[PDB]
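Below is one structure, written out as structure tokens, with a few remarks after it.
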Amino acid sequence: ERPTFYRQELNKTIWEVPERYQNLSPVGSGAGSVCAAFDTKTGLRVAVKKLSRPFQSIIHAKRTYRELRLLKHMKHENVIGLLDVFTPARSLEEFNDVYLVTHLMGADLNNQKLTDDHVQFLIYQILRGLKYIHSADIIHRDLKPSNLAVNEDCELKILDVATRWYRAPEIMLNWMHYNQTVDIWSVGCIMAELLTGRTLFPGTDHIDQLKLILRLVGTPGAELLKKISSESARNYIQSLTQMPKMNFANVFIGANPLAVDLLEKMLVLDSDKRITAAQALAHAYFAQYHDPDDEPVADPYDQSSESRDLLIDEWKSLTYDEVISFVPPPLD
Ligand SMILES: CCCCCCCCO[C@@H]1O[C@H](CO)[C@@H](O)[C@H](O)[C@H]1O
């Protein structure tokens, strides 16, 4: 049955939401607008995002669909999920607005070294979430402290200048064919910063970022240089003065040797040689948290919906179908 909706003017528009969602109050970007609310059915504080111009163009429509589909797929403790999605529309013909409801997250990992035991717990949770995302054949591509939410029990969820500080070197070289370990590079950068209280590679601009990375991990070795299809890349690298990888033990002074060992395995230039999320969860650094019985994988996720060129009304109809078919997660 259809919930009774009410209407209220918020962020220059009339929002129309199920009455279960009370005390709406703005907090949000625009890069759709977000309101905080209290969900009375579940007892939870939530974020309610009214999408802005979701079907204004083919590009907007395809974006909306892909975003909804992703959020509907993600069902893991360490990944943001969808609590609800709704529209006031009673039919496709009347369908214009989409609203997404998620847990209201109070803090992120930006929000001043952490202790080694806390770094262990936070990075464990990131990697547990990443194992799940990667198992769906999804690459996050923009892992950074602001995309990591934590609650007051230090339970963590991976979220949905934009800073370059956490970005894998191959993304900044426009390499394409990205591996999932682009995300492992980011996790390394985050872990280093939690341990030291300092940004590992605080690049001022695009080339400076690359310069800082090369300073720590050294210039490419022969095995990596063999895999560079680009003639221009190859000839530039060969001309750099050969520098060895720095000693992470004497870069992360005071740090748990198990942590340094893990960082050495994450922050490798060659993406094929970086540790995977599932391998990292088995690393002795996480001995106190690691449990193979509860590090679950995802169902396969279909991203083909993505190479396709469809009409606006087709993307719109497909999005409508996803809104109607939505099943809320268990009351928990
Ligand atoms: C001057 C800085 C050079 C940075 C080298 C980064 C190499 C990243 O690693 C590479 O990434 C690709 C994308 O997955 C793969 O196709 C390769 O097999 C791999 O070597």
Side-chain angles (χ1 to χ4, degrees), residues 44-45 47 74-81 102-136 138 140 142-160 163 165-166 168 180-201 248-249 251-268 274-298 329 332:
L44 303 163
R45 306 177 182 189
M74 302 290 103
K75 294 179 195 190
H76 188 278
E77 294 148 26
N78 305 118
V79 184
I80 197 75
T102 59
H103 286 285
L104 181 77
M105 294 309 323
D108 73 10
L109 244 41
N110 267 357
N111 302 356
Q112 62 133 159
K113 336 215 288 199
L114 309 193
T115 67
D116 187 67
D117 295 328
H118 204 53
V119 174
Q120 284 173 41
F121 184 48
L122 290 171
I123 305 301
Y124 175 74
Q125 290 184 86
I126 301 174
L127 289 167
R128 185 174 175 266
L130 272 195
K131 177 183 173 189
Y132 176 93
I133 295 165
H134 287 175
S135 70
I138 295 161
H140 187 293
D142 201 16
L143 281 178
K144 59 191 176 177
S146 67
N147 275 336
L148 298 168
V150 289
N151 72 9
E152 179 136 303
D153 282 304
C154 304
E155 295 171 340
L156 180 149
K157 293 195 201 291
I158 296 169
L159 318 171
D160 250 47
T163 253
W165 295 348
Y166 306 88
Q180 63 193 34
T181 60
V182 302
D183 293 330
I184 293 298
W185 180 275
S186 310
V187 177
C189 293
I190 294 163
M191 178 170 165
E193 179 166 355
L194 297 180
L195 279 167
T196 62
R198 84 201 305 92
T199 305
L200 182 58
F201 304 124
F248 282 32
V251 174
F252 304 94
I253 291 302
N256 183 340
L258 284 185
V260 176
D261 187 65
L262 184 60
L263 292 162
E264 282 170 315
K265 289 185 174 141
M266 295 178 159
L267 296 166
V268 189
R274 291 177 200 146
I275 196 171
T276 66
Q279 289 161 179
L281 290 169
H283 187 283
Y285 192 56
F286 305 116
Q288 86 192 293
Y289 297 114
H290 174 47
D291 182 10
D293 300 325
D294 194 16
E295 286 165 2
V297 296
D332 188 88

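Throughout, numbering of the chain's residues begins at 1 and tracks the sequence. Basis for what follows: all heavy atoms, side chains included, without hydrogens, waters or symmetry-related copies.
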Heavy atoms of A277 and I184 approach each other most closely as N-CD1, 3.7 Å

Closer than 3.5 angstrom, by distance alone: can the side chain of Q125 be matched with the main-chain N or O of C154 as a donor-acceptor pair? yes

Can you run down the salt bridge (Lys or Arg N to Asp or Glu O under 4.0 Å) pairs that involve residues 258-268, sequence neighbours left out, and say none if there aren't any? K245-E264, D261-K265

Let me confirm one number: the OG1-CD distance from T115 to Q120, rounded to the nearest 0.5 Å. 8.5 Å

Could you give the distance from NZ (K157) to CG (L148), rounded to the nearest 0.5 Å? 12.5 Å

One should read off an interatomic distance between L156 CG and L109 CG, to the nearest 0.5 angstrom, of 6.0 Å

With sequence neighbours left out, what residues match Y285 under ring-ring contact (aromatic ring centres under 6.0 Å, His included)? none

Under 3.5 Å, is there a donor-acceptor pair between the side chain of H140 and the main chain of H134? no

Rounded to the nearest 0.5 Å, what's the gap from CG on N151 to CD on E155? Could you check? 4.5 Å

Name all residues meeting the salt bridge (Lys or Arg N to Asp or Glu O under 4.0 Å) criterion together with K144; count only those two or more places apart in sequence or in a different chain, and write none if there are none. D142

Residues in side-chain contact (heavy atoms from CB on, under 4.5 Å) with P296, at least two apart? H76, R128, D294

Under the salt bridge (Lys or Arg N to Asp or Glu O under 4.0 Å) definition, can you give me all pairs with a residue in residues 106-121, not counting sequence neighbours? none

Locate the shortest heavy-atom distance separating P145 from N110; write the atom from each residue and the value. CB-OD1, 3.2 Å

In short, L159 meets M105 closest at the heavy-atom pair CD2-CG, 4.5 Å

Report the residues that fulfil side-chain contact (heavy atoms from CB on, under 4.5 Å) with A107, sequence neighbours left out, ordered by chain and then residue number. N111, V150

Return the minimal non-hydrogen interatomic distance between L281 and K131, and the atom names on each side. CD1-CD, 3.7 Å

Audit row: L267, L200, side chain to side chain contact (heavy atoms under 4.5 Å, CB included) steps and yes/no: CA-CA 11 Å; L267 296 166; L200 182 58; 3.7 Å; yes

Could you tell me if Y289 and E295 have a donor-acceptor pair between their side chains, going purely by distance under 3.5 Å? no

Under the side-chain contact (heavy atoms from CB on, under 4.5 Å) test, which residues partner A136, sequence neighbours left out? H73, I138, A298, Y301

Grab the two heavy atoms, one from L263 and one from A192, that are nearest each other, plus how far apart they are. CD2-N, 4.0 Å

Are the side chain of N78 and the backbone of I126 linked by a donor-acceptor contact shorter than 3.5 Å? no

I'd like to know whether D160 forms a side chain to side chain contact (heavy atoms under 4.5 Å, CB included) with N147, so could you lay out the CA-CA distance, the side-chain angles of the two residues, the decisive distance to 0.1 Å, and finally the verdict. CA-CA 7 Å; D160 250 47; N147 275 336; 5.9 Å; no

Output all residues satisfying ring-ring contact (aromatic ring centres under 6.0 Å, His included) with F286, sequence neighbours left out; order by chain, then residue number. none

With sequence neighbours left out, write down each residue that passes salt bridge (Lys or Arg N to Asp or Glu O under 4.0 Å) with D291, or none if nothing qualifies. none

Let's go through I133 and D183 carefully: what are the C-alpha distance in whole Å and the side-chain angles of both, what is the deciding distance for side chain to side chain contact (heavy atoms under 4.5 Å, CB included) to 0.1 Å, and is it a yes or a no? CA-CA 10 Å; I133 295 165; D183 293 330; 5.6 Å; no

Over all heavy atoms of both residues, which pair between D153 and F121 is shortest? Give the atoms and the distance, please. O-CE2, 4.1 Å

Determine, stepwise, if the pair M74 / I80 fulfils side chain to side chain contact (heavy atoms under 4.5 Å, CB included). CA-CA 7 Å; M74 302 290 103; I80 197 75; over 6 Å; no

Using side chain to side chain donor-acceptor pair (under 3.5 Å) as the criterion, list what pairs up with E152, not counting sequence neighbours. none

With sequence neighbours excluded, give me every side chain to side chain donor-acceptor pair (under 3.5 Å) pair touching residues 185-200. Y166-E193

Would a 4.5 Å heavy-atom cut-off, applied to side chains only, mark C189 and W165 as touching? no

What's the separation between atom CE in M191 and atom CG in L127, rounded to the nearest 0.5 Å? 9.0 Å

side-chain contact (heavy atoms from CB on, under 4.5 Å) partners of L104, counting only residues at least two apart: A36, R45, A47

